[PDB]
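Asker: Sequence, then the experimental structure. Questions to follow.
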Number of protein chains: 4
Amino acid sequence: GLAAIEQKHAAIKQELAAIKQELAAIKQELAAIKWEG
Amino acid sequence: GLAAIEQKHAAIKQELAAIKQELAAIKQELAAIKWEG
Amino acid sequence: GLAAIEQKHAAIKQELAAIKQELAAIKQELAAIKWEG
Amino acid sequence: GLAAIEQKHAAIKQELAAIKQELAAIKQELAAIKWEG
Ligand SMILES: [Cu+2]
């Protein structure tokens, strides 16, 4: 019921936060590559 | 339940938007790398 | 309710599929940058 | 309940996993760029 839905929504949100963090890291790495190259 | 199916998905909506912004930022860096050849 | 849940889940899926597609485009652009250097 | 909600969020789980795979792929390209300087 609600509780199972709430768990899945929480798991989704966590995975999305992880994706955003990984993207922010990739962006910073590209800024580094831009300056060295 | 209605709250969760809209708000909670509310959290998911906001993380999706954050990811889309990061993707736009990454594309900006790639364009700048490609510009400098 | 049911079709409305299906609405938000379809909207999420579509945004996720768009994110995945832009990432696969980003991977290709990086692979080219790699093969240039 | 905790039966119908599964297939409900299955498409999203699969997209998340596909996104995570593309992130891994992007990081592979970034590591190879960094390797060659
Ligand atoms: Cu949901």
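Answerer: Now that the structure is in, tell me what you want to look at. Numbering: from 1, shown residues only, chains lettered A, B, ... in the order given.

Asker: What residues does chain A have near chain B?
Answerer: Contacts of chain A with chain B, taken as CB under 8 Å from any CB of the partner chain, map to A:2, A:5-6, A:9, A:12-13, A:16-17, A:19-20, A:23-24, A:26-27, A:30-31, A:33-34, A:37. Every C-beta, even on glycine, is put in place using the N, C-alpha and C of the backbone.

Asker: could you redo the last one with a cut-off of 7 Å?
Answerer: Within chain A, the positions lying close to chain B (CB under 7 Å from any CB of the partner chain) are A:2, A:5-6, A:9, A:12-13, A:16-17, A:19-20, A:23-24, A:26-27, A:30-31, A:33-34.

Asker: Just those: which are in helices?
Answerer: A:2, A:5-6, A:9, A:12-13, A:16-17, A:19-20, A:23-24, A:26-27, A:30-31, A:33-34 (DSSP state H).

Asker: about what we covered before: drop anything exposed from the residues of chain A next to chain B.
Answerer: A:5, A:9, A:12, A:13, A:16, A:19, A:20, A:23, A:26, A:27, A:30, A:33 (16 or more other CB atoms under 10 Å in any protein chain shown).

Asker: Out of those residues, which are close to chain D?
Answerer: Near chain D, by the rule CB under 7 Å from any CB, you find A:5, A:12, A:19, A:26, A:33 out of those.

Asker: So which of the residues you listed reach chain C?
Answerer: Within those, nothing lies near chain C by CB under 7 Å from any CB.
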